[PDB]
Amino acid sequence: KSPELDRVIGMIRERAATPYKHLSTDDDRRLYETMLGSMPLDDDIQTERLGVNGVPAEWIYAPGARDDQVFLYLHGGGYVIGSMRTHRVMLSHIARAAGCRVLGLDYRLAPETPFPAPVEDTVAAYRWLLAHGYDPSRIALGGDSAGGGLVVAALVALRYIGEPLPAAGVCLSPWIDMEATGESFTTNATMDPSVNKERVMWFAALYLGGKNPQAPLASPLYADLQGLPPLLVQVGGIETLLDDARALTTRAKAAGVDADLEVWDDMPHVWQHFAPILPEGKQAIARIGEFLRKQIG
């Protein structure tokens, strides 16, 4: 009922109103860009496009950034849409809050390049960091929705191929279950203005390219989470993805991982995206900054 929240909900509903199933993939991508395009990058943010082991990526950082601390970021958008164009402003807020550099990946999207391309890209990028002298103890992975699941999957993959693990993971409204079996997909169906089971199914079919929906790297709900670094998980109380965040946290703790779950009342899917215009978004990002400062600081 805050005016700021009302405004965010309005922007979300305007996008969510448009029939996406009749749109070309690129029109769906652009529709996402359109929603977020009204919030410009601060004038003092530095960015640079580059390839990291072949993956298109972008440095994003505010003045006074510690150049040795890196938040490797995986954007959301169902593994189908999203990019630094949609995510760079939020990332600049996190960068500034954490006092670190962000390295955001424009990782391979489906249907052009389906699962497990994003996991491969995340590993390639992390290997690039290590090859260029960044210390695992000063690197954290982060991601929202699809990217949030990808953080977990990438961490498991890295352990499986014997890479030194990074210091932490951050998951924002993580999507960890291709089949959308979480009960909140039923109970929060009318509470959640952004995300519903239909749309998730749409993304999963495109991401999977016919592969097993329960594959641990697509659905880390089924992955071995042993040995992962401390996780911060944020999610909104009205989200259909609420149970994905809870299930991830429960499974991580059972695996002996240090996982902290924050359920933010009344907040929509990836509300941190609207930090420039939403107090709760700035508050949540401040929390992320504190977590990163603790882990990679």
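Residues carry their position along the shown sequence, with the first being 1.
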Checklist entry - Of the two stretches 130 to 138 and 108 to 116, which shows the higher Cα B-factor on average in the entry? => result 130 to 138
Item to check | Entry-level comparison of average CA B-factors, 185 to 193 and 74 to 82, reporting the higher stretch | outcome: 185 to 193
Checklist outcome for this item: So, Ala16's CA B-factor, relative to its chain, sits in which third? The highest
Item to check | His87, C-alpha B-factor rank within chain (lowest, middle or highest third) | outcome: lowest
Next on the checklist: By the recorded C-alpha temperature factor, relative to the other modelled residues in its chain, which third is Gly209 in?
Outcome noted: middle
Checklist entry - Thinking about Cα B factors across the chain, which third does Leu241 belong to? => result lowest
Next on the checklist: Ranking the modelled residues of this chain by C-alpha B-factor as given in the entry, is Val263 in the lowest, middle or highest third?
Outcome noted: highest
